[PDB]
Amino acid sequence: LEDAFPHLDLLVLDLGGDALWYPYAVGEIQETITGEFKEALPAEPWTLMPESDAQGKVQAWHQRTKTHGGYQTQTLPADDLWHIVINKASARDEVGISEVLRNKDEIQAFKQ
Amino acid sequence: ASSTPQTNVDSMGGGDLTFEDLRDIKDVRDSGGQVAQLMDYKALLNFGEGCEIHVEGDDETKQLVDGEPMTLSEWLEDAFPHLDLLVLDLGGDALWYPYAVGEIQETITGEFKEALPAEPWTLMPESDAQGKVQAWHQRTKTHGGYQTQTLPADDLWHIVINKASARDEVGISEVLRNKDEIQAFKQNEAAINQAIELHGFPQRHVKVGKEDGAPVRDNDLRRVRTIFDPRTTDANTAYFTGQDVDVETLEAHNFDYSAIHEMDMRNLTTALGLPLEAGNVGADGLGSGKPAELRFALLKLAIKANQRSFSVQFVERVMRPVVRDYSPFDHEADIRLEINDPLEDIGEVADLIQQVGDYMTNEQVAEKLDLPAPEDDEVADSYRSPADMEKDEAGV
Amino acid sequence: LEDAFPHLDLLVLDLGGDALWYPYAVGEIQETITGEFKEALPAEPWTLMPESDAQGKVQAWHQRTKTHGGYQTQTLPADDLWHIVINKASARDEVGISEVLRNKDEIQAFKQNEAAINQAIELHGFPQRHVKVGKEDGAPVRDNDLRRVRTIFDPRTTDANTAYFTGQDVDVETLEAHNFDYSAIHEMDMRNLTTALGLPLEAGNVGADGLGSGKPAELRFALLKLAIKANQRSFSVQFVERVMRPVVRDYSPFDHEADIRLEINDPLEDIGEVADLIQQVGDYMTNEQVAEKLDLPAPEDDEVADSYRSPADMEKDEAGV
Amino acid sequence: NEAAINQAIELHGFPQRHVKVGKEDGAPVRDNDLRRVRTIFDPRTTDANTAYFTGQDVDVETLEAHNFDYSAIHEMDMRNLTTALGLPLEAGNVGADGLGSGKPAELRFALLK
Amino acid sequence: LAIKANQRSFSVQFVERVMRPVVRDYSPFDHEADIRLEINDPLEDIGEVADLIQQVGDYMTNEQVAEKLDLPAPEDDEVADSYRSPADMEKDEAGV
Ligand SMILES: [Mg+2]
């Protein structure tokens, strides 16, 4: 595991930072061409949103990204992404709460 | 005596709280700001330091679970791996809401999966003449409307920290209880913010014309507004005028918003049972000596009471049913869940162990010091240090 | 008894809390269907009141409880309930005093002064803007005229750095925040309430000069500890007599006339001070006395428990032997 | 003295609003006229950040909170009562200068014992 | 306390959703093993830990001392498992 995740300190700070700012940290598992493990690749959390079933489990991920003055869109299955939620509404919440959007009023009050 | 309560229990058939009231608790909890952070701090003090499972006579329980020897404690630790997270989630819910409520979940194979917390604002209990919960009524949002369902109380479990009485199976929300202090705080906060905008900053007043002189009209003031516009003014602008232009200041008008904040925070913290210090507010004479000892003692006593209430109900309503239904072990065993003291100082424990370690078995020392007890039973059971036994054994 | 009453810590806090709020704590003994002891079941003390004979002993219990928008009433014999009284008029009083009904005046005085402070902060804690329009002895200004001025100076649309341009006959005046010492009124109210309820002032998040240190502090905390002991002893005695001994008599093979004691722990005990004591005078204490003071299980071995020198010192001498 | 302090705090511990209507030596204002002014300045319906627009002949005066040392009166009352009942002053939640320390403290606690 | 709660929430989910799938899919090892990710305490004082080790080190195995002190554990198992200091074991082995 230490050989598989050599730079886990940096990854923990990146993902943990994302999960405090955003509702989730989210990313992929990447492979070498030979099919050995390359890395856990963090995705950009502002680009991705989850689609959930009736019991609140994430089934698909919807991505919007800027290119050439427009936006590309794609949908990805939940089967090959992974995600982490620090701030939850309830123990059943897989989508989570942004501390920024939660405290948006205090943030704008401060700035004003 | 008798096998049924012969005293009555003061509620059936109504004239206790609605789904709308349950969603008011949700709104306070998700609205953020200072109220939400204080009640989160309360949840962390009560439940955030984590857990430990004790079984009395645990070694006697040694049994092959699945071709491997386990004790009941070892089985329970495998059954509930993330009990620290569950304790904080359920404990937080039971402080905010009247209850924490949830299911038992099974793998398809029929082995135990988890105790699954439900969303407490979605569920309300239906109770009999003696106040026992017979059914649970759930309301949940989907597709711009509400689904409803009734579940029997036979396959849910629930935990109440805040009781009206020792017979109350429904409980009290601290948020709905202290709703007046919460709104009083929020209203005074809004009042201070609005007052700072109007009164915290000086404002320029330009008066044009001579007193008892020629009248100045609106179009005239438009040209003066252009000359004295704060938008285009810089720090070292100089003004040249005739005698009949007066530049006046609406001053910053003094009010002690700090004192109003301290009062609001004191009212709110005392109402929620936290010390004033949790609100980022200090007080004279209270920070030191026996005054400090008393207030931090009062806090630790409140934490112990909440912890014990939770421990007992969790063991009785979650763990014992799981041991009965999914385990080879005896469900009548002495299971205890202890929740750690958040304000424990290991330096004070270490001082105690130096002073009176000569009276403690090595396992009693290891328990206080939060370590695995010695592997060797005679070493665990003896009074002198394991290192002192080693140097004497090595000498011999 | 420990098996009969597993969660006695919770029961003690529930009943003891009730007996401080209410005149009494009251409840039933309950049986499993098989006839073994189930629990002591606290009743709701606001639902029950005692009926007493000429010598003040409770003969019957009268219960009133809400259901279906009305009240059920029933009478129960005193033979199968039990009750505990902390606050008494006299040592013959079996009915007791509510501290809340006793101190009702201080409670309502506190609440009224609190409400008054809150209302006074709303009116007087913040400056208010007073725009005065017209010349003194000038033309009169009417309500419709003031509506247009109100639009110019509206606090709702004003920002922090708004500038005002006027003729000479508009005056922007201020109702200042009018100073009153709400902090001192709060301290007085909290002092009155805490002293009435017997708590030290520090319990109310209020401090006081000269009281926080030295022999002044020692006295007030000693007074608090004495009050706690008295309440604890009263509860301990009555719980053993009215709950535990009947349970031992009716559901147990043991003798009910034994010396049962319930001790309730001291909330303000410092283990560091106990440890200091054990260093200084441990040479005069049996190992069981040390274990009791230090809140440990006593030694398993009787001669080790009964001896005066440390169990570790006995082990190193047995090891030397 | 306790009842006197309580009554005095209600009357004098809080500021009160005095709206004066009309010009001095001006037109007289009658009770029915003041009822409409009362409706405008009602402390019940007022909020903290209300603003007032008037002509020159409305004066919003304040009865200030009038200073008295109720703390000192309480200390005096408590000193009298505690000394009469033979308790130290500290039993009454009241402190005193110089008495909290040294041989002064030793004497009073010795007298109690 | 707030830091501990966030750390445990992250740790648990990272092991379950990232590490265990990787152990399953790309590794010869058993994915059902007891993996833990601990995230270090930012406000820990090593002086306080060193004070504690002086006072109650006589009750700690050498590996427990090494864990608290953020060192590699002793290479020799009986040295790691024993209670008295590795230096005290050495001076007794040397005396012998
Ligand atoms: Mg003219």
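A. Structural context of the overall build of chain E. Within chain E, the secondary structure is distributed over five helices and zero strands. Its helices and strands taken in sequence order, chain E reads α-α-α-α-α from the N to the C terminus. Radius of gyration (C-alpha) of chain E: 18 Å, far over the 12 Å computed for a compact globule of 96 residues. Within chain E, the fraction of its 96 residues that count as buried is 35%. Taking contacts inside chain E between residues at least 6 apart in sequence as the whole, the part at least 24 apart equals 20%. For chain E, the accessible area works out to roughly 6,400 Å², and carbon and sulfur atoms hold 46% of it.

B. Molecular detail of the overall build of chain D. Counting secondary structure elements, chain D contains four helices and three strands. Ordered by position from the N terminus, the helices and strands of chain D form the series α-β-α-β-β-α-α. Over its C-alpha atoms chain D spans a radius of gyration of 25 Å, topping by over 25% the 13 Å that the globule rule assigns to 113 residues. Overall size of chain D, expressed as C-alpha extent along the three principal axes, is 75 × 25 × 25 Å. In chain D, once contacts between residues fewer than 6 apart in sequence are set aside, the share between residues at least 24 apart is 58%. Across chain D, the 12 positively charged side chains and the 18 negatively charged ones have centroids separated by 3 Å.

C. Molecular detail of the nonpolar core. Residues and elements named next belong to chain B. Residues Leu76, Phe80 and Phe314 are the most contacted members of the largest nonpolar core, which totals 37 residues. Breaking this core down by element, the ones donating at least two residues are α2 (33–47), β1 (51–55), α3 (72–79), α4 (83–96), β5 (112–117), β9 (156–159), α9 (289–326) and β12 (335–339). With sequence-adjacent residues up to four places away left out, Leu76 is seen in contact with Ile53, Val55, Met319, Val323 and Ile335. Judged by nonpolar contacts, the second largest core, of 33 residues, contains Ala36, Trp96, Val175 and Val281.

D. Layout of the packing of aromatic side chains. All names here are of chain B. Here the structure, examined in full by the defined rule, presents 27 aromatic pairs over all chains. Ring geometry for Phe80 and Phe314: centres 6.0 Å apart, planes at 65°, overall edge-to-face. Linking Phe80 in the loop between α3 and α4 with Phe314 in helix α9, this pair joins segments that are 234 residues apart in sequence. Take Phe314: its relative accessible area is 0%, and that puts it in the buried class. For the ring pair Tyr99 and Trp136, a centre distance of 5.0 Å and an interplane angle of 80° mean the geometry is edge-to-face. Of this pair, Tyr99 sits in the loop between α4 and β4 (100–106) while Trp136 sits in strand β7 (residues 133–142), and the two are 37 residues apart along the sequence. The class of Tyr99 is buried, set by a relative accessible area of 0%. Residue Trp136 is classed as buried on the basis of its relative accessible area of 1%.

E. A look at the interface of chain B and chain C. Across the boundary between the two partners, chain B contributes 84 residues, which contact 91 residues of chain C. When chain B packs against chain C, close to 7,600 Å² is buried across both sides, 59% of that on carbon and sulfur atoms. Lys135 of chain C is the salt-bridge partner of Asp212 of chain B, the closest N and O atoms lying 2.8 Å from each other. Viewed at the interface, chain C and chain B are joined by 38 residue pairs in polar contact. Elements with a minimum of two residues in the side of chain B that touches chain C: α6 (179–199), β10 (203–208), α7 (218–228), β11 (245–250), α8 (257–271), α9, α10 (346–356) and α11 (362–368) of chain B.

F. Layout of α3 of chain B. Within the sequence span of α3 of chain B, burial applies to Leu72, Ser73, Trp75, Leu76 and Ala79 of chain B. Viewed along the axis of α3 of chain B, the buried residues span an arc of 160°, placing them on a single side of the element.

G. Up close: a nonpolar patch on the surface. Taken together, the side chains of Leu277, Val281 and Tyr284 of chain C make up a nonpolar region of the molecular surface, amounting to roughly 300 Å² of accessible area. By the element assignment, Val281 of chain C lies in helix α7 (residues 271–281).

H. The sheet that holds β10 of chain B, seen in detail. Strand order in the open sheet made by the three strands is β11(B)-β10(B)-β8(C), with mixed pairing throughout. Both outer strands of the open sheet, β11 of chain B together with β8 (164–166) of chain C, are each paired with one neighbouring strand and no more. Across the sheet, the axes of successive neighbouring strands diverge by a mean angle of 20°, strand direction being ignored. Bridge count for β10 of chain B against β8 of chain C is three bridges, and the pairing is parallel. The residue of β8 of chain C that forms the bridge with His205 of chain B is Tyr164 of chain C. In this fold α7 of chain B packs onto β10 and β11 of chain B together with β8 of chain C, with an angle of close to 145° to the strand it touches most, β8 of chain C.

I. Representation of the pattern of salt bridges. Taken as a whole and judged by the stated rule, the model has 38 salt bridges over all chains. Among the ionic pairs, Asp154 of chain C bridges to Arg156 of chain C, the shortest N-O distance being 2.8 Å. Sharing partners across several salt bridges, the network here consists of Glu99 and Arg102 of chain A together with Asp40 of chain B.

J. Looking closely at helix α1 (residues 2–12) of chain D. All names here are of chain D. Within the span of α1, buried status applies to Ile5, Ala8 and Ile9. End-on view of α1: buried residues confined to an arc of 105°, all on one side of the axis. Counted as exposed and oriented over 90 degrees from the buried face of α1: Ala3 and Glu10.

K. Structural detail: the arrangement of the chains. Contacts between protein chains span six pairs of chains, and they are most numerous for chains B and C. Spatially, chain A is disjoint from chain C: no contact exists, and the shortest C-alpha separation is 10 Å. A gap remains between chain C and chain E, which never touch, and the nearest two C-alpha atoms on either side lie 14 Å apart.

L. Main features of the packing of α4 of chain B against helix α1 (residues 2–26) of chain E. α1 of chain E packs onto α4 of chain B with a crossing angle of 125° between their chain directions and a minimal axis gap of 10 Å. It follows from the interaxial angle that α4 of chain B and α1 of chain E lie oblique. Of the two possible hands of crossing, α4 of chain B and α1 of chain E adopt the one that is left-handed. The segment α4 of chain B lies against α1 of chain E, with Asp84, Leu85 and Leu88 of chain B engaging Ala5, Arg8, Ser9 and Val12 of chain E.

What counts and what doesn't
Residues numbered from 1 in each chain as written, not as in the entry; some residues may be left out. Chains lettered and ligands numbered in written order. Part of a larger assembly, values for the part shown. Heavy atoms only, no water. Helix = DSSP H or I, 4+ residues; strand = E, 2+ residues; numbered from the N terminus. Rg over C-alpha atoms; globule rule 2.2 N^0.38 Å. Buried < 20%, exposed > 50% of the residue type's maximum accessible area, 1.4 Å probe, protein only. Contact = heavy atoms within 4.5 Å. Areas by Shrake-Rupley, 256 points an atom, 1.4 Å probe, with all protein chains shown as cover. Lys, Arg positive; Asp, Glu negative; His and termini not counted. Charge placed at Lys NZ, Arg CZ, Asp CG, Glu CD. Core = buried A, V, L, I, M, F, W, Y, C linked by side-chain atoms within 4.5 Å. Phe/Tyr/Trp six-rings, centres within 6.5 Å; stacked < 30°, edge-to-face > 60°. Buried area = accessible area lost by both parts, 1.4 Å probe. Salt bridge = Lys/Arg side-chain N within 4 Å of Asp/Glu carboxyl O. Polar contact = N/O pair within 3.5 Å; in protein donor to acceptor, adjacent residues only side chain to side chain. Arc of directions from axis to C-beta. Patch = residues over 30% accessible without salt bridge, like charges linked within 9 Å, V, L, I, M, F, W, Y side chains within 5 Å. Pairing = 2+ DSSP bridges. Axes fitted to C-alpha atoms, helices over the stretch in contact; angles between N-to-C directions. Parallel < 35°, antiparallel > 145°, perpendicular 65-115°, else oblique. Left-handed = near helix turned anticlockwise from the far one by under 90°.

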